[PDB]
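> entry_17.txt is the file, holding compact mmCIF, C-alpha atoms:
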# COMPACT_ATOMS: atom_id res chain seq x y z
CA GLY A 431 114.51 190.03 336.92
CA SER A 432 111.96 189.45 334.16
CA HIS A 433 109.42 191.60 336.00
CA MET A 434 108.84 193.31 339.35
CA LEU A 435 106.64 191.58 341.92
CA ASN A 436 103.41 193.37 342.91
CA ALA A 437 101.15 192.69 345.88
CA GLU A 438 97.53 191.78 345.09
CA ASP A 439 96.28 190.03 348.21
CA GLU A 440 96.26 193.48 349.79
CA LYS A 441 92.79 194.13 348.39
CA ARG A 442 91.68 192.03 345.42
CA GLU A 443 90.97 188.57 346.81
CA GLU A 444 87.37 189.54 347.58
CA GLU A 445 86.95 190.96 344.08
CA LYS A 446 86.17 188.53 341.27
CA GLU A 447 89.00 187.60 338.91
CA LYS A 448 88.93 189.47 335.60
CA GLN A 449 88.04 187.31 332.59
CA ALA A 450 89.71 187.52 329.18
CA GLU A 451 87.08 189.44 327.23
CA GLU A 452 89.41 189.66 324.24
CA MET A 453 89.57 185.86 323.99
CA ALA A 454 85.78 185.61 324.19
CA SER A 455 85.20 184.31 320.67
CA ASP A 456 81.88 184.19 318.84
CA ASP A 457 81.41 180.59 319.96
CA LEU A 458 80.91 182.00 323.46
CA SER A 459 77.95 184.02 322.20
CA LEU A 460 76.45 180.87 320.68
CA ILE A 461 76.92 178.97 323.94
CA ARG A 462 75.41 181.80 325.98
CA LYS A 463 72.44 182.08 323.62
CA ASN A 464 72.01 178.30 323.68
CA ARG A 465 72.39 178.45 327.46
CA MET A 466 68.63 178.28 327.99
CA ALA A 467 68.27 175.50 325.45
CA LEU A 468 70.92 173.45 327.23
CA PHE A 469 69.32 173.98 330.64
CA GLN A 470 65.80 173.60 329.27
CA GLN A 471 66.80 170.64 327.08
CA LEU A 472 69.19 168.49 329.13
CA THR A 473 69.67 164.74 328.73
CA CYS A 474 73.43 164.20 328.96
CA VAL A 475 74.64 166.19 331.96
CA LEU A 476 76.47 163.09 333.16
CA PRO A 477 78.60 162.28 329.98
CA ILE A 478 79.67 165.93 329.73
CA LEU A 479 80.40 166.15 333.45
CA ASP A 480 82.67 163.14 333.16
CA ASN A 481 84.58 164.74 330.29
CA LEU A 482 84.89 168.07 332.09
CA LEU A 483 85.95 166.34 335.30
CA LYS A 484 88.93 165.09 333.30
CA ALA A 485 90.55 168.54 333.36
CA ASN A 486 88.99 171.52 335.13
CA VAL A 487 89.14 173.79 338.18
CA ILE A 488 86.84 171.47 340.13
CA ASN A 489 88.45 168.54 341.95
CA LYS A 490 86.99 165.53 343.74
CA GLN A 491 85.36 167.91 346.23
CA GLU A 492 83.32 170.30 344.10
CA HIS A 493 82.51 167.38 341.80
CA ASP A 494 81.38 165.19 344.72
CA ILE A 495 79.36 168.03 346.25
CA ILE A 496 77.31 168.41 343.06
CA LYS A 497 77.04 164.61 343.05
CA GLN A 498 76.21 164.19 346.75
CA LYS A 499 72.62 165.49 347.08
CA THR A 500 72.06 167.45 343.86
CA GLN A 501 69.31 166.59 341.38
CA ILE A 502 69.82 166.77 337.58
CA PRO A 503 68.56 170.36 336.85
CA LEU A 504 70.98 171.84 339.37
CA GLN A 505 73.82 169.72 338.01
CA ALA A 506 73.34 171.46 334.67
CA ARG A 507 73.17 174.84 336.40
CA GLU A 508 76.50 174.28 338.13
CA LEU A 509 78.02 172.93 334.92
CA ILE A 510 76.95 176.07 333.08
CA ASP A 511 78.43 178.18 335.86
CA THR A 512 81.77 176.40 335.37
CA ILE A 513 81.72 177.40 331.68
CA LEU A 514 81.26 181.06 332.55
CA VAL A 515 84.27 181.04 334.88
CA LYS A 516 86.51 179.27 332.36
CA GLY A 517 85.09 181.24 329.43
CA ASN A 518 85.87 180.57 325.77
CA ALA A 519 88.66 178.44 327.19
CA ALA A 520 85.99 175.87 328.06
CA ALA A 521 84.05 176.44 324.84
CA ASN A 522 86.40 173.96 323.19
CA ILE A 523 85.84 171.35 325.91
CA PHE A 524 82.11 172.01 325.93
CA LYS A 525 81.95 171.74 322.14
CA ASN A 526 84.25 168.72 322.06
CA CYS A 527 82.10 166.93 324.62
CA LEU A 528 78.89 167.53 322.65
CA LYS A 529 80.57 166.48 319.41
CA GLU A 530 81.62 163.16 320.93
CA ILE A 531 78.58 162.62 323.14
CA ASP A 532 76.18 163.86 320.46
CA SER A 533 77.78 164.56 317.08
CA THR A 534 74.33 164.94 315.56
CA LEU A 535 73.48 167.71 318.04
CA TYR A 536 76.49 169.71 316.87
CA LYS A 537 75.27 169.48 313.28
CA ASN A 538 72.11 171.21 314.57
CA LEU A 539 73.72 173.63 317.02
CA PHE A 540 76.64 175.47 315.39
CA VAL A 541 75.91 174.21 311.86
CA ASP A 542 72.14 174.73 311.56
CA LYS A 543 72.40 177.65 314.01
CA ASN A 544 68.71 176.91 314.65
CA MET A 545 67.94 175.44 318.07
CA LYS A 546 64.51 173.90 318.64
CA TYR A 547 62.34 174.89 321.63
CA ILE A 548 59.76 172.87 323.58
CA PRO A 549 57.56 173.88 326.59
CA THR A 550 58.80 171.24 329.04
CA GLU A 551 58.05 173.47 332.02
CA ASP A 552 54.36 173.48 331.13
CA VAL A 553 52.79 170.44 332.82
CA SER A 554 49.34 169.30 333.95
CA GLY A 555 47.76 166.52 336.00
CA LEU A 556 45.88 167.63 339.13
CA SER A 557 43.80 165.05 340.99
CA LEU A 558 43.15 165.49 344.71
CA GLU A 559 40.82 162.48 344.70
CA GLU A 560 39.32 161.37 341.39
CA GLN A 561 36.27 159.12 341.77
CA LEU A 562 34.22 159.87 338.66
Please, can you express the file's structure as structure tokens?

Amino acid sequence: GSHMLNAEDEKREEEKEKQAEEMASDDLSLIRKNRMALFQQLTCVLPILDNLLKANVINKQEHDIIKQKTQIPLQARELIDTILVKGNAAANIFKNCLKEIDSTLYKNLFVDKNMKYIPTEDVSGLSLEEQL
């Protein structure tokens, strides 16, 4: 016997699975820091979703659910959540997707290490009944 079997379903299913902190490379820090930028500046949540859907924990169900009645902002939120679960393991897929989808973006993300910011949340245009 290579190893002895040990019960875990006794009391651990409810608890969240432990992530490999050791694996967590620096790239993870960059992704986490650029997390707001990605959510705040999204324009390719589809392309990346397609690439991730190729090989991930989500099947045709979870993928369809976020494609059933979910807008675009939420789609990005769920996609980000999938990265956290996978961890640095998905950093490669995430990075690979951006490189292919937007090679130029990579040259400004990891390379330049300087992400641009824009107040997209700030909007204006109130008019209950203009008649002037």
> Show which residues sit within 12 Å of residue 478 (chain A), as a PyMOL selection string. Count only C-alpha atoms, and ignore same-chain residues fewer than 5 positions away.
chain A and resi 468+472-473+483-485+505-506+509-510+513+520+523-532
> Hey, can you pull every residue with an atom no more than 7 Å from (67.3, 173.5, 321.6), using only C-alpha atoms, and send it as a count of residues only?
6
> Can you tell me which residues surround residue 457 (chain A) at a distance of at most 10 Å, considering only C-alpha atoms, apart from same-chain residues fewer than 2 positions away, and format the answer as a count of residues only?
12
> Would you mind reading off the distance between CA of residue 538 (chain A) and CA of residue 511 (chain A), one decimal, in Å?
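These atoms are spaced 23.3 Å apart.
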> Find the residue from A:514, A:499, A:474, A:438 that sits nearest to residue 451 (chain A); use all atoms listed in the file when measuring.
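Residue with the minimum atom-to-atom distance to residue 451 (chain A): A:514.
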> Using only C-alpha atoms, can you tell me which of A:480, A:559, A:452, A:447 comes closest to residue 515 (chain A)?
A:447
> Give me, please, the distance in Å between CA of residue 482 (chain A) and CA of residue 548 (chain A), quoted to one decimal.
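Separating CA of residue 482 (chain A) from CA of residue 548 (chain A) is a distance of 27.0 Å.
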> Smallest atom-to-atom distance to residue 539 (chain A): which of A:557, A:507, A:464, A:432, using only C-alpha atoms?
A:464
> Please, what distance in Å, to one decimal, runs between CA of residue 549 (chain A) and CA of residue 497 (chain A)?
27.1 Å
